[PDB]
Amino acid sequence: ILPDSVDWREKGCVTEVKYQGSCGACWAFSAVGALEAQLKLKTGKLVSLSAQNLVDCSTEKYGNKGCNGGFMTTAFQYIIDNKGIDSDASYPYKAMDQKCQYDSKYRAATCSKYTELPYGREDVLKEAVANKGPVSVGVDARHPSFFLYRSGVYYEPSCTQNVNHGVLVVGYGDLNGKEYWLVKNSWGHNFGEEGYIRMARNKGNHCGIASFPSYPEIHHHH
């Protein structure tokens, strides 16, 4: 039976909010945020993983376009196929397309698989957020109400299920009975509530938050 509220920040499973600047790397930040939590759960160590490693290395054979966008699922697939991802410390974020510079010497995490949740199932997304960890999702972020959000529970009647922005669901709850998803963005600590947005939950897959969810798992490190 699921908790009424979850916040993976309280379990030490969520790194500081990142700023993607003028590079469309939301998909890469979403993916490494999902994997960071799995690394903490497995090892007890919270380590920022390299979004830049994904931008530079999870490219055309993964359907991804670096600063012009990508899939969280095919990011996880790169990490599986590459047998690792570098720490952010070793392979820092530059907000631009670079040649691949992955070095196994600075590998900080691996990925053995990823799980894709069923389209528009907010009940199933709630289970995965409670029991597995933070979940990579897409939202429709193409609304001034979204990018000028300051606080409270975001609800936008003009929102669609056509997602265009990769974000991380790190919990859920309710604010005076308005249910929400707790979403970590990569627009820096000045966006929203110190980089987070609470987005309407159980309002018909609002902004497509449950449209294409996925989460990675870790098997071996050595």
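Start at 1 and count along the sequence shown; that's the residue number.
For the pair 176-184 and 28-36, the record assigns the higher mean C-alpha temperature factor to 176-184. For the pair 121-129 and 141-149, the mean B factor over Cα atoms is greater in 141-149. When all modelled residues of the chain are sorted by CA temperature factor, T74 is found within the middle third. The deposited CA B-factor of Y62 belongs to the middle third of values across its chain. When the modelled residues of the chain are ordered by their C-alpha B factor, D103 lands in the highest third. Ranked within its chain, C159 lands in the highest third, by CA B factor from the PDB record. Among the modelled residues of the chain, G204 sits in the middle third by CA temperature factor in this PDB entry.
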